Amino acid sequence: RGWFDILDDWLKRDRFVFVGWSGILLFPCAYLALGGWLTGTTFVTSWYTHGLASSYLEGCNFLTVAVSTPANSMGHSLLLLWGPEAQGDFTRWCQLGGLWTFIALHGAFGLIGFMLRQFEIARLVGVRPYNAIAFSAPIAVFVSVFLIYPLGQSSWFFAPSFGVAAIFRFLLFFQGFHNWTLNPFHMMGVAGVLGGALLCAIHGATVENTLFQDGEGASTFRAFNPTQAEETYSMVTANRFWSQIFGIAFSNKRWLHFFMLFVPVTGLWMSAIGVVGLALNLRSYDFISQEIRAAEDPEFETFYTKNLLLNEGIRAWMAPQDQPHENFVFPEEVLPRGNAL
Amino acid sequence: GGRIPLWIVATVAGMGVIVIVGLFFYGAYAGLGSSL
Amino acid sequence: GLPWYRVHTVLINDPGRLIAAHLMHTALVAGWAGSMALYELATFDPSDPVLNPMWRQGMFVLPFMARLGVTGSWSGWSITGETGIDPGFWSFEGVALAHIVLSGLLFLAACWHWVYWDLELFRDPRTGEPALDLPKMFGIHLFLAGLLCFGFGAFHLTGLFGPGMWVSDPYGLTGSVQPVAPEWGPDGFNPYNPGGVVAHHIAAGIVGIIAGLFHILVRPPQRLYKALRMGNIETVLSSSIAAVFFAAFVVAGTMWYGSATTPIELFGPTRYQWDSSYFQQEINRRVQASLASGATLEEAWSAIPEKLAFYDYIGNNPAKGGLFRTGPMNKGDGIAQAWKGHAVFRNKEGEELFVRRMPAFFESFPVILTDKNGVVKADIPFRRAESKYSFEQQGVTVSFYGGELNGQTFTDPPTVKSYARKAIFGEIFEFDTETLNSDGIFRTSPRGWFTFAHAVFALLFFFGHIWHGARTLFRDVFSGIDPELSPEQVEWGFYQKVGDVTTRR
Amino acid sequence: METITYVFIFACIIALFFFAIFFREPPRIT
Amino acid sequence: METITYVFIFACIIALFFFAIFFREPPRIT
Amino acid sequence: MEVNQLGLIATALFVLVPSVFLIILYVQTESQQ
Amino acid sequence: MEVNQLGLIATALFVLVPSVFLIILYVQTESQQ
Amino acid sequence: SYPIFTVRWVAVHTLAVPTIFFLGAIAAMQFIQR
Amino acid sequence: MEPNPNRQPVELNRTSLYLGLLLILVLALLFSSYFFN
Amino acid sequence: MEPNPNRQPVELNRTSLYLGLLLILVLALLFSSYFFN
Amino acid sequence: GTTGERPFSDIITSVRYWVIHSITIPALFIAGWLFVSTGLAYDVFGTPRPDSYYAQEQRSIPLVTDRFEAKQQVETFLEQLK
Amino acid sequence: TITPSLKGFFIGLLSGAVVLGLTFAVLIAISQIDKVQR
Amino acid sequence: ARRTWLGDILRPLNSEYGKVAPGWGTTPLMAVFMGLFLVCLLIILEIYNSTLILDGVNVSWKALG
Ligand code: CLA
Ligand code: CLA
Ligand code: CLA
Ligand SMILES: CCCCCCCCCCCCCCCC(=O)OC[C@H](COP(=O)(O)OC[C@@H](O)CO)OC(=O)CCCCCCCCCCCCCCC
Ligand SMILES: CC1=C(/C=C/C(C)=C/C=C/C(C)=C/C=C/C=C(C)/C=C/C=C(C)/C=C/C2=C(C)CCCC2(C)C)C(C)(C)CCC1
Ligand SMILES: CC1=C(/C=C/C(C)=C/C=C/C(C)=C/C=C/C=C(C)/C=C/C=C(C)/C=C/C2=C(C)CCCC2(C)C)C(C)(C)CCC1
Ligand SMILES: CC1=C(/C=C/C(C)=C/C=C/C(C)=C/C=C/C=C(C)/C=C/C=C(C)/C=C/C2=C(C)CCCC2(C)C)C(C)(C)CCC1
Ligand SMILES: CCCCCCCCCCCCCCCCCC(=O)O
Ligand SMILES: [Fe+2]
């Protein structure tokens, strides 16, 4: 046999952890992304890029550690270790935020590798590729949020920093500056995620409560055999129940499970489209008719205008520390504030 | 093979994990990151 | 029957009707181009390229005609404002008419191919079954594409036989269509060097010719034929979709960042020019040079072109719009009428103060004035009871140099504050808000809208690539998995190699 | 006009509920 | 908008002519 | 309220065009043998 | 020209509603056995 | 009869060894004073 | 539920489709000017 | 003129009609506010 | 079915496994502990010590402001600490 | 003229070549040593 | 199937459906060309991104003069 065929044999051996040709891309990249996150969160600072402490070594906890984005002055530089910024100096690279681009790039290629793994394994075992197809939603979210959005903004600095509290700050920044909650694409994403959770719960519970009695045990799990040919629960009884409770019910199992694929995947894709818009500040920020009315009529008020006031507060109070490169100095007298607070 | 019982292994390992996590919370209240 | 989402699969093994459908799509696209051009001509106002250029008026296709050398109208005007220039047939109107006629012809050809689908050319001589030799088709079409690319580069862009392309100075003040020579050195790969475009199309076209000859003459290796399922046209769909979404991302990027092929006189400035104060820096350099030469402040600022000043204004920043704020930029701040002049703020002590400019991120922004060292000297307070930096307290005045208000000074605090509120936007202009019933809310430019559309479409086409590539590679299980699937093939340890029954243990 | 549009769409959705519940294609066991 | 509407209706009518002539149901003798 | 005038026709067509597409397909399915 | 704003939707619906009625009937006739 | 070193061994240890190292480091950090 | 015996199939041939579309489009072309006023 | 053998009948069942109408009407309800702005 | 690797339970309940790991695990843990307690982590990763965030009278953050001079800017900040 | 960034680009290209080449050489060697028995 | 004059002319161009070269054929050459193309794309990207900076190549609008 040729060396290519021998290598294919070895890569596709049946072992505890499947490797595959996709493994050559997936495993080094996924390992480097995860290891970079752990290394940065344990030992690396954000002092020179954000003015922040961001590691266990500095005293942060699991909620506050992060691998923070590079400084805004770096633009969209790849920040390669051998690049002109760090110039091969590992310590300076870490201090300049090279770990953020390191993680983002090795992670993107790791996602590519994992999807290729889905395809490869499906082909080898003879199943259809719908798991790989569904994984396109996480990939679309990751690309839109961590690459396209910063690429449309001034620099990597405004991408999410890899951390719990940093992600929370990302949420609040999007509310304050983009009015992201008002965006119908985020709304469709929310519908997809919450509806997916609803479907997950309702289907699990319906199956578990329409099981057939296939054993004498009061714990019903042992009464299923993976090689059995018969359905383990009564579709007829479940359909009757939901028809009489909610008015409509599934009657086709194949449609049911495809719908479970369709809902969350579509929702995430819609959210990604919205974020592509926000990359250009192309927001659903205002309703022009309401703004005209409110400008002319000081007694007109809605929850929309109230939320706009909240956004103005967020921007004014968070910008000076969240965007240190701007050198904002907002005198106390200019800060928006309500009475007494 | 099975010289050391698996229940003993599991109990000891769990105790070790608990000790590590507890020490980390102690650190939350001491030294760096304690606000003091 | 077929589900609604599969109706067009009837074409998969019907090359003639596939050609008919593709002809219909091409006809629709050409007709759209013609209709859009005619609508833009019916709406476009060519009378002020300085302060009312095409990119202020929501013009989407007009810049693309202008980029490749179409600049005149049959009505007698040109987008550069020149007078008495005759474009011949290839005016904007002529281009629109040509695309419309092309649409009609493609419609008729589509009808013919739909009716006469059953042509002998589409049948395999050996078996009589419909068959397309996709590898040789690729070679042929690559050869043709290379010829067209090389001709475009060597004749149109160079001006040897053709008009050339749009080129301008670094500040977008004197753009025009010019012949461009190729740049073969390293600077040819600089996106901002137009000669690189000419060189690329020449060299890439030659490579296309050569590679097309290769793909015409040399058959695919059996290994690759089987691996890529080259007998199945859906593999071509998958790979072509991949190439298309790659291209869409590239063009979105070049539109957003600027390049030789996205001039600011055609698509508007970029957000990064505002970020970096590009135009403000040029304006200050010119003013300082004039002052050093001896001019007065009024003369120095009056020497500044209104076009440059207009670029230095955030209302032209494409990152200031909204998804559902529809229409031209004019529909927002209004139709720009004139530069009011440069506003110089001073406090009671006579020290010059500078208004902090609004960053693109902010829908609203406070008014803060600092000295040359960045020390805050005045502002417009929110809470008044403890104000220390009010314009009233600090005796802030504003004097204008150049523009409409040249030589005028204002001391009334309301007027001074209003001018500062405008100064956060950069240079100050007088706008006509009545003609369009403008609502005073910023909108993005064609640069922004193009970038948004093509980024979104590129992402969606990534999903398309995944879907059709999966269909290609898993065609044999599209309707379900083998009812006889051996449990041993999925049992662990049964085969040494996953899914290879020849490796049974 | 906008209020009419919103209410019209809502009323259409409710009618759709009615038909989807009481005029569904009946499930039939094989 | 009004010019677009008029021209759109006219173009639809012309397309209708095309289909009514070249894609008619063919007369067939009994 | 000073709303976008074209919103009415935009919404009407957004609803009607896809809905009529679906209705056509459904009725012609029902009429099949 | 200062035309009646509702003219656009009036004309659009006048054309679309009867046309779609006819199209539905025709397609469901064609699909019959 | 089992081999000792396998792909699974490599994966397990690539995860395990740095994990213990890092846990030691974080434990030590708990005793740092400002 | 016994079916209703009064049901009848309905038809519209292609010539009728063309005639109806012509009527509708020409009426629209005629009345659109008055709708816009 | 020999008929084209690649033709296939198309279908949309009643449940699909209801699901599609729901999708369309809900999308309209969602986006109408932004269309009116 | 199993793929032929030795069972994990069999491995972790074996005397030899723990003979090896009662040495290896403590050694790695101590290596990390010392990595921190000797201060080598600060040097390797460039992380400020508690007394190295500011100069004695400084309150401004040492933000990097130039892309191609960032390395030198950081070095200048470090020198200014002294 | 070989700019410092061009030297760095060469360093990165060669480093990637070494990484990939070592990976593939090791994989080929191991696959040759430990073959599947048909 | 209908024969036409143009169809007869084009016949040879659609007569080799399914024909392949044995085994790997030109695959190694294809692989080399793919590697060169990838390296070229990396170079162009780094130039646009300012990670690779070359004498006489100023990546800015100021390249217009
Ligand atoms: C499949 C595995 C894989 C993949 C896809 C990547 C991908 C990447 N890495 Mg990661 N990396 C990996 C494994 C991998 N890495 C491993 C195993 C390690 C540990 C050793 C690292 C350590 C690492 C570091 C430390 C850094 C990266 C960086 C990068 C990025 C830039 C890479 C680059 O420019 O290479 C370019 C190289 C090539 C494209 C190889 C071309 C090979 C051809 C054949 C060479 C042809 C010409 C050549 C001269 C041959 C000469 C032959 C003859 C003359 C002798 C990119 C996202 C950088 C980063 O993240 O920046 C933020 C970075 O700083 N990597
Ligand atoms: C690449 C596409 C493209 C781009 C970038 C532009 C860009 C532009 N056009 Mg043009 N246009 C295009 C295509 C395009 N056009 C086409 C195809 C037509 C024919 C219909 C037109 C017709 C047209 C007219 C008639 C006019 C413009 C105008 C304009 C300008 C303003 C655009 C605006 O307000 O957008 C607003 C954009 C939006 C509000 C976004 C809509 C988002 C949709 C509704 C989301 C849909 C979501 C979906 C339903 C969810 C699916 C659910 C899921 C479960 C599947 C701008 C320069 C205007 C101008 O100034 O001209 C001088 C103008 O008057 N254009
Ligand atoms: C070159 C582009 C291209 C081409 C030629 C095809 C061709 C095909 N696709 Mg693929 N597809 C593409 C891009 C493309 N697709 C992309 C980008 C996506 C991701 C969005 C998909 C996702 C996709 C899926 C999920 C499926 C297909 C299927 C199919 C087949 C049947 C399509 C059909 O009957 O639709 C009929 C469609 C309609 C009757 C109505 C569609 C209405 C849309 C949703 C809204 C209106 C769009 C508007 C009118 C056009 C604007 C387009 C412009 C903006 C670009 C056909 C072979 C199907 C298949 O494989 O069947 C076996 C299938 O299930 N495609
Ligand atoms: C049969 C299971 C059905 C219950 C469903 C399980 C609920 C979900 C549990 C998920 C976590 C599993 C907990 C183990 C559930 C369990 O049953 O444990 C038992 C399982 C097998 O244990 P033994 O080897 O003792 O097996 C005895 C056998 O003779 C038969 O049981 O142990 C493991 O798999 C743990 C090894 C950790 C392996 C770490 C490897 C790290 C490799 C990193 C690379 C990863 C691949 C990356 C892919 C890209
Ligand atoms: C970056 C970089 C790199 C790499 C690195 C790496 C690869 C690393 C890794 C690392 C690692 C790999 C680490 C790890 C760590 C880990 C940890 C730190 C863990 C922790 C844990 C925990 C804490 C847990 C806890 C818990 C709980 C709480 C409950 C349940 C149980 C448990 C135990 C889970 C290199 C060299 C290339 C160079 C360049 C840069
Ligand atoms: C097993 C297992 C595990 C683990 C566990 C653990 C870790 C546990 C522990 C436990 C424990 C560890 C327990 C203990 C107990 C104890 C007790 C219960 C005691 C008692 C005591 C007493 C009662 C006392 C009393 C007193 C008093 C009161 C006074 C003084 C004197 C005296 C002290 C005596 C896991 C989960 C991993 C897995 C599964 C299995
Ligand atoms: C036949 C004929 C003729 C005529 C022609 C014509 C007259 C044509 C027309 C054509 C046309 C006139 C065309 C048009 C087209 C259009 C289109 C194709 C459109 C499209 C649209 C779309 C697709 C849209 C979409 C959308 C919307 C709606 C919203 C927003 C979003 C989007 C953009 C997606 C002549 C005499 C020349 C010659 C002979 C034959
Ligand atoms: C596609 C595979 C990519 C693999 C890339 C591996 C990267 C390994 C880099 C390690 C050496 C970095 C060079 C350090 C010296 C460079 C200094 C300089 O001249 O700028
Ligand atoms: Fe299920």
# chains A, B, ... in the order shown; residues from 1 in each chain; ligands from 1
call {"tool": "residues_around", "arguments": {"residues": "region 10-23 of chain B", "least_positions_apart": "2", "cutoff": "12 Å", "atoms": "only C-alpha atoms", "output": "MDAnalysis selection string"}}
result
(chainID A and resid 61:62) or (chainID B and resid 4:8 25:30) or (chainID H and resid 20 22:31) or (chainID K and resid 9 12:13 29)
call {"tool": "write_last_selection", "arguments": {"atoms": "N, CA and C atoms", "output": "PDB file, in the first residue's frame"}}
result
ATOM      1  N   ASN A  61     -10.624  36.405  40.674  1.00  0.00           N
ATOM      2  CA  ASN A  61     -11.262  35.117  40.906  1.00  0.00           C
ATOM      3  C   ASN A  61     -11.856  34.602  39.596  1.00  0.00           C
ATOM      4  N   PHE A  62     -12.432  33.400  39.652  1.00  0.00           N
ATOM      5  CA  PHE A  62     -12.900  32.760  38.426  1.00  0.00           C
ATOM      6  C   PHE A  62     -13.873  33.648  37.662  1.00  0.00           C
TER       7      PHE A  62
ATOM      8  N   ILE B   4      -6.271  -1.523  45.222  1.00  0.00           N
ATOM      9  CA  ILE B   4      -6.774  -0.410  46.023  1.00  0.00           C
ATOM     10  C   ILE B   4      -8.228  -0.171  45.629  1.00  0.00           C
ATOM     11  N   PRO B   5      -9.185  -0.326  46.543  1.00  0.00           N
ATOM     12  CA  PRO B   5     -10.596  -0.257  46.148  1.00  0.00           C
ATOM     13  C   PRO B   5     -10.964   1.080  45.514  1.00  0.00           C
ATOM     14  N   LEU B   6     -11.828   0.996  44.500  1.00  0.00           N
ATOM     15  CA  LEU B   6     -12.216   2.185  43.758  1.00  0.00           C
ATOM     16  C   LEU B   6     -13.031   3.148  44.611  1.00  0.00           C
ATOM     17  N   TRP B   7     -13.819   2.647  45.565  1.00  0.00           N
ATOM     18  CA  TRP B   7     -14.558   3.571  46.420  1.00  0.00           C
ATOM     19  C   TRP B   7     -13.601   4.388  47.279  1.00  0.00           C
ATOM     20  N   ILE B   8     -12.526   3.761  47.759  1.00  0.00           N
ATOM     21  CA  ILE B   8     -11.505   4.500  48.492  1.00  0.00           C
ATOM     22  C   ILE B   8     -10.856   5.536  47.588  1.00  0.00           C
ATOM     23  N   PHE B  25     -11.259  29.492  48.252  1.00  0.00           N
ATOM     24  CA  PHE B  25     -12.168  30.446  48.893  1.00  0.00           C
ATOM     25  C   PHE B  25     -11.485  31.169  50.058  1.00  0.00           C
ATOM     26  N   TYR B  26     -10.704  30.435  50.852  1.00  0.00           N
ATOM     27  CA  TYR B  26      -9.899  31.093  51.873  1.00  0.00           C
ATOM     28  C   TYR B  26      -9.080  32.219  51.261  1.00  0.00           C
ATOM     29  N   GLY B  27      -8.491  31.966  50.093  1.00  0.00           N
ATOM     30  CA  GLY B  27      -7.758  33.015  49.408  1.00  0.00           C
ATOM     31  C   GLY B  27      -8.650  34.177  49.021  1.00  0.00           C
ATOM     32  N   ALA B  28      -9.894  33.883  48.641  1.00  0.00           N
ATOM     33  CA  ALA B  28     -10.840  34.961  48.366  1.00  0.00           C
ATOM     34  C   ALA B  28     -10.923  35.909  49.553  1.00  0.00           C
ATOM     35  N   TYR B  29     -10.819  35.369  50.759  1.00  0.00           N
ATOM     36  CA  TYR B  29     -10.894  36.219  51.948  1.00  0.00           C
ATOM     37  C   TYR B  29      -9.532  36.683  52.468  1.00  0.00           C
ATOM     38  N   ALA B  30      -8.428  36.202  51.904  1.00  0.00           N
ATOM     39  CA  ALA B  30      -7.104  36.594  52.375  1.00  0.00           C
ATOM     40  C   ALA B  30      -6.230  37.089  51.225  1.00  0.00           C
TER      41      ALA B  30
ATOM     42  N   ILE H  20      -2.261  19.794  37.133  1.00  0.00           N
ATOM     43  CA  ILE H  20      -1.644  19.722  38.454  1.00  0.00           C
ATOM     44  C   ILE H  20      -0.657  20.866  38.641  1.00  0.00           C
ATOM     45  N   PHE H  22      -0.670  23.893  37.277  1.00  0.00           N
ATOM     46  CA  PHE H  22      -1.429  25.124  37.488  1.00  0.00           C
ATOM     47  C   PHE H  22      -2.092  25.150  38.860  1.00  0.00           C
ATOM     48  N   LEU H  23      -2.647  24.020  39.302  1.00  0.00           N
ATOM     49  CA  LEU H  23      -3.285  23.993  40.613  1.00  0.00           C
ATOM     50  C   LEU H  23      -2.273  24.282  41.714  1.00  0.00           C
ATOM     51  N   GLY H  24      -1.068  23.720  41.601  1.00  0.00           N
ATOM     52  CA  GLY H  24      -0.015  24.090  42.532  1.00  0.00           C
ATOM     53  C   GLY H  24       0.264  25.583  42.511  1.00  0.00           C
ATOM     54  N   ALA H  25       0.350  26.161  41.312  1.00  0.00           N
ATOM     55  CA  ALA H  25       0.640  27.590  41.203  1.00  0.00           C
ATOM     56  C   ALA H  25      -0.443  28.429  41.878  1.00  0.00           C
ATOM     57  N   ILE H  26      -1.711  28.090  41.642  1.00  0.00           N
ATOM     58  CA  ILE H  26      -2.811  28.873  42.203  1.00  0.00           C
ATOM     59  C   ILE H  26      -2.867  28.706  43.724  1.00  0.00           C
ATOM     60  N   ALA H  27      -2.651  27.480  44.205  1.00  0.00           N
ATOM     61  CA  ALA H  27      -2.531  27.263  45.641  1.00  0.00           C
ATOM     62  C   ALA H  27      -1.479  28.192  46.233  1.00  0.00           C
ATOM     63  N   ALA H  28      -0.304  28.260  45.600  1.00  0.00           N
ATOM     64  CA  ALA H  28       0.744  29.149  46.097  1.00  0.00           C
ATOM     65  C   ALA H  28       0.289  30.604  46.083  1.00  0.00           C
ATOM     66  N   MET H  29      -0.399  31.016  45.020  1.00  0.00           N
ATOM     67  CA  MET H  29      -0.886  32.390  44.952  1.00  0.00           C
ATOM     68  C   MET H  29      -1.750  32.740  46.153  1.00  0.00           C
ATOM     69  N   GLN H  30      -2.499  31.770  46.675  1.00  0.00           N
ATOM     70  CA  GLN H  30      -3.391  32.074  47.794  1.00  0.00           C
ATOM     71  C   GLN H  30      -2.673  32.732  48.971  1.00  0.00           C
ATOM     72  N   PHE H  31      -1.348  32.620  49.053  1.00  0.00           N
ATOM     73  CA  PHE H  31      -0.603  33.121  50.200  1.00  0.00           C
ATOM     74  C   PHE H  31       0.196  34.376  49.883  1.00  0.00           C
TER      75      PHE H  31
ATOM     76  N   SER K   9     -10.577   2.143  35.373  1.00  0.00           N
ATOM     77  CA  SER K   9     -10.747   1.649  36.736  1.00  0.00           C
ATOM     78  C   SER K   9      -9.641   0.664  37.092  1.00  0.00           C
ATOM     79  N   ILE K  12      -6.421   2.778  37.712  1.00  0.00           N
ATOM     80  CA  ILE K  12      -6.383   3.625  38.904  1.00  0.00           C
ATOM     81  C   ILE K  12      -6.585   2.850  40.194  1.00  0.00           C
ATOM     82  N   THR K  13      -6.954   1.572  40.125  1.00  0.00           N
ATOM     83  CA  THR K  13      -6.985   0.735  41.316  1.00  0.00           C
ATOM     84  C   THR K  13      -5.759  -0.169  41.435  1.00  0.00           C
ATOM     85  N   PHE K  29       2.884  19.417  41.306  1.00  0.00           N
ATOM     86  CA  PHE K  29       2.243  20.408  42.165  1.00  0.00           C
ATOM     87  C   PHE K  29       3.283  21.329  42.792  1.00  0.00           C
TER      88      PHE K  29
END
call {"tool": "calpha_fit_and_write", "arguments": {"fixed": "chain G", "moving": "chain F", "output": "compact mmCIF listing (two decimals) with N, CA, C and O atoms, in the first residue's frame"}}
result
# COMPACT_ATOMS: atom_id res chain seq x y z
N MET F 1 -45.26 65.45 -7.58
CA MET F 1 -46.67 65.71 -7.55
C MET F 1 -47.31 65.24 -6.24
O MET F 1 -47.04 64.16 -5.71
N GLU F 2 -48.19 66.08 -5.71
CA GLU F 2 -48.83 65.81 -4.42
C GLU F 2 -50.04 64.90 -4.59
O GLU F 2 -51.18 65.35 -4.59
N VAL F 3 -49.78 63.60 -4.73
CA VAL F 3 -50.83 62.62 -4.99
C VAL F 3 -51.37 62.08 -3.67
O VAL F 3 -50.76 62.23 -2.61
N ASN F 4 -52.54 61.45 -3.74
CA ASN F 4 -53.09 60.75 -2.60
C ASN F 4 -52.15 59.63 -2.17
O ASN F 4 -51.81 58.76 -2.97
N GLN F 5 -51.72 59.67 -0.91
CA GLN F 5 -50.74 58.70 -0.44
C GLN F 5 -51.27 57.28 -0.54
O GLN F 5 -50.55 56.37 -0.98
N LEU F 6 -52.53 57.07 -0.17
CA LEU F 6 -53.12 55.73 -0.18
C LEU F 6 -53.29 55.16 -1.58
O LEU F 6 -53.65 53.98 -1.71
N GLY F 7 -53.04 55.95 -2.62
CA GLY F 7 -53.20 55.45 -3.97
C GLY F 7 -52.31 54.25 -4.27
O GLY F 7 -52.71 53.33 -4.98
N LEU F 8 -51.09 54.25 -3.72
CA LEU F 8 -50.17 53.16 -4.01
C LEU F 8 -50.71 51.83 -3.49
O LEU F 8 -50.79 50.85 -4.24
N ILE F 9 -51.09 51.78 -2.21
CA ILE F 9 -51.59 50.51 -1.67
C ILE F 9 -52.94 50.17 -2.29
O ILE F 9 -53.23 48.99 -2.56
N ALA F 10 -53.79 51.17 -2.54
CA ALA F 10 -55.05 50.89 -3.22
C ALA F 10 -54.81 50.17 -4.54
O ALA F 10 -55.41 49.12 -4.80
N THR F 11 -53.93 50.71 -5.38
CA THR F 11 -53.65 50.10 -6.67
C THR F 11 -53.02 48.72 -6.51
O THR F 11 -53.40 47.76 -7.19
N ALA F 12 -52.04 48.61 -5.60
CA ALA F 12 -51.36 47.33 -5.42
C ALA F 12 -52.34 46.24 -5.04
O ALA F 12 -52.31 45.14 -5.60
N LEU F 13 -53.23 46.52 -4.08
CA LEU F 13 -54.17 45.50 -3.63
C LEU F 13 -55.23 45.23 -4.69
O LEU F 13 -55.61 44.07 -4.92
N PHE F 14 -55.70 46.28 -5.37
CA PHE F 14 -56.66 46.10 -6.45
C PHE F 14 -56.12 45.11 -7.48
O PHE F 14 -56.87 44.27 -8.00
N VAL F 15 -54.83 45.20 -7.79
CA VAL F 15 -54.23 44.26 -8.73
C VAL F 15 -54.02 42.89 -8.10
O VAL F 15 -54.36 41.86 -8.69
N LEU F 16 -53.46 42.85 -6.89
CA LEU F 16 -52.96 41.58 -6.36
C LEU F 16 -54.07 40.65 -5.89
O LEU F 16 -54.02 39.45 -6.16
N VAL F 17 -55.09 41.17 -5.20
CA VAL F 17 -56.10 40.28 -4.62
C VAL F 17 -56.85 39.51 -5.70
O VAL F 17 -56.88 38.27 -5.64
N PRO F 18 -57.43 40.15 -6.73
CA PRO F 18 -58.11 39.36 -7.77
C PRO F 18 -57.16 38.49 -8.57
O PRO F 18 -57.51 37.35 -8.92
N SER F 19 -55.96 39.00 -8.87
CA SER F 19 -55.00 38.21 -9.62
C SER F 19 -54.64 36.93 -8.88
O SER F 19 -54.57 35.85 -9.48
N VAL F 20 -54.38 37.03 -7.58
CA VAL F 20 -54.03 35.83 -6.82
C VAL F 20 -55.23 34.89 -6.74
O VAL F 20 -55.06 33.66 -6.78
N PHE F 21 -56.44 35.43 -6.61
CA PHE F 21 -57.62 34.57 -6.67
C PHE F 21 -57.61 33.72 -7.94
O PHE F 21 -57.75 32.49 -7.90
N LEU F 22 -57.41 34.38 -9.08
CA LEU F 22 -57.40 33.67 -10.36
C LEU F 22 -56.26 32.65 -10.43
O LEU F 22 -56.45 31.54 -10.92
N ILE F 23 -55.07 33.03 -9.96
CA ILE F 23 -53.92 32.13 -10.03
C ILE F 23 -54.17 30.89 -9.20
O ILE F 23 -53.87 29.76 -9.62
N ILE F 24 -54.74 31.06 -8.00
CA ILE F 24 -55.08 29.91 -7.16
C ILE F 24 -56.01 28.98 -7.92
O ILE F 24 -55.76 27.76 -8.02
N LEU F 25 -57.09 29.53 -8.48
CA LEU F 25 -58.04 28.67 -9.18
C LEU F 25 -57.38 27.94 -10.35
O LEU F 25 -57.60 26.74 -10.55
N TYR F 26 -56.55 28.65 -11.12
CA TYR F 26 -55.96 28.04 -12.30
C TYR F 26 -55.00 26.91 -11.92
O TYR F 26 -55.03 25.83 -12.52
N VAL F 27 -54.11 27.16 -10.96
CA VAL F 27 -53.13 26.15 -10.60
C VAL F 27 -53.82 24.91 -10.05
O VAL F 27 -53.45 23.78 -10.37
N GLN F 28 -54.84 25.11 -9.19
CA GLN F 28 -55.53 23.95 -8.65
C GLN F 28 -56.37 23.23 -9.70
O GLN F 28 -56.68 22.05 -9.52
N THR F 29 -56.74 23.91 -10.79
CA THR F 29 -57.33 23.19 -11.92
C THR F 29 -56.28 22.35 -12.63
O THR F 29 -56.52 21.18 -12.95
N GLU F 30 -55.10 22.92 -12.87
CA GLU F 30 -54.05 22.19 -13.58
C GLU F 30 -53.65 20.94 -12.82
O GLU F 30 -53.37 19.90 -13.42
N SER F 31 -53.60 21.01 -11.49
CA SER F 31 -53.13 19.87 -10.72
C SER F 31 -54.15 18.74 -10.61
O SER F 31 -53.80 17.66 -10.15
N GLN F 32 -55.40 18.97 -11.03
CA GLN F 32 -56.41 17.93 -10.95
C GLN F 32 -56.09 16.78 -11.91
O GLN F 32 -55.44 16.96 -12.94
N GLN F 33 -56.57 15.59 -11.55
CA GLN F 33 -56.30 14.39 -12.34
C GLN F 33 -56.71 14.58 -13.79
O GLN F 33 -57.81 15.05 -14.08
call {"tool": "residues_around", "arguments": {"residues": "region 50-60 of chain M", "least_positions_apart": "6", "cutoff": "10 Å", "atoms": "only C-alpha atoms", "output": "MDAnalysis selection string"}}
result
(chainID A and resid 75:80 82:85) or (chainID C and resid 170 185:193 258:259) or (chainID K and resid 68) or (chainID L and resid 1:9) or (chainID M and resid 42:44)
call {"tool": "interface_residues", "arguments": {"of": "chain A", "to": "chain D", "cutoff": "9 Å", "atoms": "only C-alpha atoms", "output": "list in words"}}
result
residues 236, 239, 243, 246, 247, 248 and 251 of chain A
